[PDB]
Every structure is written in structure tokens, then in C-alpha cells.
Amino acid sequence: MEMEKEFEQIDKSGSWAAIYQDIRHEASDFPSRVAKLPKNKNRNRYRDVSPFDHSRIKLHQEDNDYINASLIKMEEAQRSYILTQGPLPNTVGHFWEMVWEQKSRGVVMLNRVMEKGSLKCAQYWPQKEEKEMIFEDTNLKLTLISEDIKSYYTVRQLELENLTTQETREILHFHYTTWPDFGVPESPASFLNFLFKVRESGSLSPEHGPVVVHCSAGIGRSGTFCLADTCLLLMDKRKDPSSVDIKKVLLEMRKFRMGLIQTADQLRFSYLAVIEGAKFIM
């Protein structure tokens, strides 16, 4: 069923809450035993948001390989994403170890460091060129190269150095700075514009490791970003763009990380984004 007609039918019937609970009921339940070990308590931001064992990213170290991060592998779309929590004071070094080890080109940040008067993630990148950051626990150096501030997003060029080998790489930081503290954006216009700058950059392409995507918990805004990107790519690839079922794509993604899309408004917004996205190429 053409999702735009499906959309108007759910709006006129006011049934977003019912559709969203049906997704919650059908979603996969896999173990997260490593996340719950007592040694990992200060590596989790939220007690109820954990990576599954089967899809978790492992750090390359014998001491403790754990990070709150998941590999979402979309077979038909030929896209992979790493979805992770906003880094904590004691996991900023782990975060950058993961970017290095997975060969990522891009980091996508969908939150502000402070929202609703509380800290949603650590200040994990340098704010000035001449004040670089050293992560002693993982042996990495991070330098700000340039910053481009726009009305709805900021792009940063960063240099990550593995101090063990003196190898360096360029990382691109895509920071969506205008998601409102409550609810979802009135239009998906700027969020859809933001996605195409990340793509534009090469950060989502198969010559690189998977993009790292985060918000505060790494399931709500982060889930909206990957769901919109995958649905748009499938509508390009297939003979019948109307065969793309957003609810079925979301349940496929929930095989790899729990809780993706946190509210009926984020669902409605995700539908809105693809519908309005499919339409702008016409």
C-alpha cells in the first residue's frame, strides 16, 4: 500500500499510538548478557538500553571488549550503520577506539551536549584547533582541523592519530544542532537536507567502515536517521517504489538494536520524512 495513503488513513483515524504498540509487541528479544555484567555498569548510560550480544561491537582489547554499540547490517539496501549511546566521561576513549578499529569515515551526532538543562553526552571532541585531546587509556590523539557552522547543522573536520603507530586519518563530524528539546521537527526538511550532506561526503559508502550514529541513548533520533536513509535507498533500487514497507524495514532493524524509534511521534515523523523524501526527486 502506497505509504502516503497509509499515512493519511492513520492521521484521519488518529491511530499512531496503536500502530506504534503493534511494532513494540512484534519486535525481536535477543539476550544482552555482556551489557548486564557488573564490570560494565559505568559503561551504560541507561539501564533499559543495551546492545544484543549477537550484533554488539567488540573493542580490540583482551582487558574488557565492551561498548554500548550495535552493528545494523541492511542486506538488500547494502548499507551498514553503527548505532551507539552518547559517550560517557569514562567511555570517550572507547568511543574513538571503536571509530579507529571499525575504519569509519563519519560520526553523525543528533543531540546537543546539554538539553532540558541536563548533560546528554560528554564533550568528546575539541572546540579549538590549538587545544587537542589525548585519550591515554586507548592511546589516541584527536585534533580539530576546521569547523563550518550553518543554521541547522555544523560539519567538522577532525584528525585521529593512533599514537602506537603514528598513522592518521581524517574523520568528518556531522552535528544536527536544531532537533527540539520536546517532540519532533514540524517539517522533515532540514533533517532530510542533513542526511544528503553525510552521503555527499562518502561517509555512508562501502569503501569505508560503517558510519557511527548517536543521540543520547542511540535508539530514537538515531533510529529515525537510519530508517529514513535505508527506506529511500530501497525506493531507488526496486522496480516498484510503493512496495517499500516502512514498518517491515523498522522491524528488520530492531533485529540488531532494541527500541529503535522511541515514540509514536518519531514513527509519524519517520513516515513523514520518507514520504516527503520520495517526493523531492519527482
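The first residue of the sequence shown is number 1, and the count goes up from there.
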property: Selected stretch [higher average CA B-factor]: 259-267 or 16-24; result: 16-24
property: Mean C-alpha B-factor comparison - 237-245 and 66-74, higher one; result: 237-245
property: Per the PDB entry, maximal CA B factor within 252, 48, 229, 53; result: 48
property: Highest-ranked of 163, 155, 92, 107 once sorted by CA temperature factor in the record; result: 163
property: Chain thirds of CA B-factor: placement of residue 58; result: middle
property: CA B-factor placement of residue 80, once the chain's modelled residues are sorted into thirds; result: lowest
property: Residue 214 - Cα temperature factor, lowest/middle/highest third of chain; result: lowest
property: Residue 124 CA temperature factor, ranked by third within the chain; result: lowest
property: Within-chain third of residue 43 by Cα B-factor, per the entry; result: middle
